[PDB]
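This document starts with one chain, in the form deposited in one PDB entry, laid out as structure tokens.
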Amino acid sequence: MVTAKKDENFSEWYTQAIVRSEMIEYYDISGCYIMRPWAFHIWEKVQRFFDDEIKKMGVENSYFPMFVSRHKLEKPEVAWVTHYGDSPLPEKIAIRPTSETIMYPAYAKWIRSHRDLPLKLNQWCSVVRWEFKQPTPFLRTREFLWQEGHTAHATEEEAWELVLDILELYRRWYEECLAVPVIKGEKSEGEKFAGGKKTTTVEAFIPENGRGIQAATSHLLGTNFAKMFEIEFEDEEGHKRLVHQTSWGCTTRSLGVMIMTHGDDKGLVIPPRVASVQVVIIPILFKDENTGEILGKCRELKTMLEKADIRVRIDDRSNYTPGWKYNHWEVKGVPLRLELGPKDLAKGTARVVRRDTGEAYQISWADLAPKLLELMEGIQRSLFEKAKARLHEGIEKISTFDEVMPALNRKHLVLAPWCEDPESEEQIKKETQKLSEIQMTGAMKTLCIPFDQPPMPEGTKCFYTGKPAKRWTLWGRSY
């Protein structure tokens, strides 16, 4: 069970939560962890939703090799294979950190005419970024699972609308499945993906350590990579034009984020929409009191709730006390826990405890399926809405730079008018980092320029340079 406290020592709390809930297991190679079934259930669920939604868009899944030649890569932190067994490769090959240098030549080969567009591929794989720093399970790891999508189109308007559609699917992944609120915005030109035209992004906020984290990203690559890799088509009139590319990505970091958003001092709290066990049925057995009837009814209740597509498990393992089972499913975060013991056998009801709030209900057996649907909807919405309020309580609207340092001290982000000069963002990072040193990184940086822009009074000056401000920008310490 979890001993540490979320608002007192976040780091050890998080470690305990993930470990005690059986989601991860440590490994002798630093930077890689093991994803036990409990976490992978959740992953499977969001992968299913994203997959169905992108298949609805014509995107098709595929698989490109893990390996890229050195020649075709330096056309850093990439991992190099030099030997098989005991013989060295004639050329070292690297392991993929992202798949552009692998797929894009194939794109060059496959695209000749307008009729071959759009071209929309996704792939669900593992990548390797071997930064020699300190990892954070889910959040920052040397190997991780993601999906990545790459499309090429005949026009930039098409590409751009797909960028937006995909980032909307990413908003739904987080807010709608994992109950984590996020912010849609656009990356600064010092933070955007280089040689993309424009990066869009969903951002999240960890209040317990006042930090920003990127959740997913969708790039408008435009035509830079087409020039690079010579991906041309012939339009209707017979002209050779460059294609307009997008790519987009989202990883298991999402599970990390969800743990921090909903976790509490007893452990995990798993939003029902992604819960593999939404309801655990715990038979209360002691002194051979009514065990045959208790199990009879528990299995009947299971078939009842399964008819309503509630995902139900009866914890009838003989070698565990009920109280151990309670703590087990609590630390694990099963949304709803249903207790049936011999005294309920004559009541015709049963006791239901919701994990998020701990409230208890006495519900009839006939009334179980619909009331449990209802509670799960309410848990899902309320997980989300409490999180969304914490998010917006953590953001401060400022006018001048004087307001920054107090705000970061309250573990908050700042929304400020900005002129969007790239060198000013770096001046800002350095200034704030040094001020932080007068007492994990202390520097503050841009997170995104929110799509949702609040009102911009005329003659608003950039909070740092005093120049005329162009857009509100979200800044904060980061992950």
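In case it trips you up, residue 1 is the first one in the sequence shown, and so on. Superpose the two forms; the largest set of C-alphas matching within 1.5 Å is the rigid core.
One more form of this protein, deposited in another entry, exists but is not displayed; see below.
- Checking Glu91, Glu377, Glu385, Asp402 for C-alpha shifts of 2 Å or more between the shown form and the other one, after the rigid core is superposed, gives a single hit: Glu91.
- After superposition on the rigid core, displacement of the C-alpha of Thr357 between the shown form and the other one stays below 2 Å.
- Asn290 is among the residues whose C-alpha shifts by 2 Å or more between the shown form and the other one once the rigid core is aligned.
- Taking 2 Å as the criterion, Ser113 does not count as shifted between the shown form and the other one: its C-alpha moves by less than this amount when the rigid core is aligned.
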